[PDB]
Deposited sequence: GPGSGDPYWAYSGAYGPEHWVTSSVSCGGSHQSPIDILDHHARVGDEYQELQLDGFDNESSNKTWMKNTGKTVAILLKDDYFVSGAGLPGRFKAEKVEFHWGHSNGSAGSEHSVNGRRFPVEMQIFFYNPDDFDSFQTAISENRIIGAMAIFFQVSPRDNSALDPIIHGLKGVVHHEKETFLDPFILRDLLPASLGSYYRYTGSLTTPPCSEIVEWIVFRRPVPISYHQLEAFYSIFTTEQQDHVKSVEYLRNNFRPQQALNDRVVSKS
């Protein structure tokens, strides 16, 4: 079904075509640190493959709703109270409008960030692929990483930024220079929140175990410009403010590592 981030098919209307979009365990949310539970004693968050440089096969696409990176190498995450070892499928981005304006989907203590990067995972021991996991409505994993402005370019982002400059128009695709996925994550890996929620776009399936890192990754204002310069096709407009409104926590509790 068709959907958008504004207008007649904007987020307030998604439920018309996608019933789950009106569920009670939806994402994203505001995380209030003082309402979060401490002491859950999760197993160490373990990353497998994140220090390897990515393959020249990895590519990026302007989908018109976001820019997505299709990961062609094997990256795995486990621990942190995830039900199993999850394999990375793709990375998507959400950002604001100009000059570092709020773009993240999640927030912490009411604070939003200029970009949120999300990495989506599936359990390869249950399914051959991410698409099948989704369609079967089984548990998928997702990490959310915030970016925060810094006076100098973050060199770890150079391949991603260069990629954005190659997918300015809707449907454009490009291969990416090698990047190190670990370096797109916060230096402080042990500091995160966990909650159960949903995909943040239709079908909004309530099957996502979220990891939201507490600390942001630096990006320069100049680097942010590469995000703001992306187009989408409604007529051509800039692809900006591509984030879902926050959703009610309801009976859920967020856990703090």
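Going by C-alpha coordinates, which parts of the deposited sequence are missing from this model?
Missing CA coords at 1 to 6, 241 to 246.
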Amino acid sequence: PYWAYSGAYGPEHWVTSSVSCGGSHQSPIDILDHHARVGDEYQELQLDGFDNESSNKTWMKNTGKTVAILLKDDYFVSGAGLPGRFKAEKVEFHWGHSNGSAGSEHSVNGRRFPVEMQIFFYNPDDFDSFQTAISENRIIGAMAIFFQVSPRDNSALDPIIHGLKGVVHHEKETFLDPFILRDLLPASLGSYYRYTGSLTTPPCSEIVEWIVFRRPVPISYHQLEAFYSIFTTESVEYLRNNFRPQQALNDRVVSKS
From here on, numbers count along this sequence of modelled residues.
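So, looking at the entry's B-factor column for Cα atoms, which has the higher mean, 219 to 227 or 186 to 194?
Higher mean C-alpha B-factor: 186 to 194.
On mean Cα temperature factor in this entry, is 163 to 171 or 146 to 154 the higher one?
Averaging CA B-factors over each stretch, the winner is 163 to 171.
Could you tell me which one of 98, 123, 135, 118 shows the highest CA temperature factor in the PDB record?
Among 98, 123, 135, 118, the PDB entry lists the largest C-alpha B-factor for 135.
Per the entry's Cα B factor values, which of 46, 200, 58, 62 stands out as the maximum?
Most elevated C-alpha B-factor of the set, per the entry: 58.
For residue 42, return the chain-relative third of its C-alpha B-factor as stated in the PDB record: lowest, middle or highest.
Highest third of the chain for residue 42's C-alpha B-factor.
Looking at the temperature factor on the CA atom of residue 35, which third of the chain's modelled residues does it land in?
Tercile = middle for this residue's CA B-factor.
Lowest, middle or highest third: which one holds residue 102 when the chain's residues are ordered by CA B-factor from the entry?
Its C-alpha B-factor, which the entry lists for residue 102, ranks in the lowest third among residues of this chain.
So where's residue 84 on the chain's Cα temperature factor ranking, which third?
Residue 84: CA B-factor falls in the highest third of its chain.
Once the chain's modelled residues are ordered by C-alpha B factor and cut into thirds, is residue 178 in the lowest, middle or highest one?
Highest third of the chain for residue 178's C-alpha B-factor.
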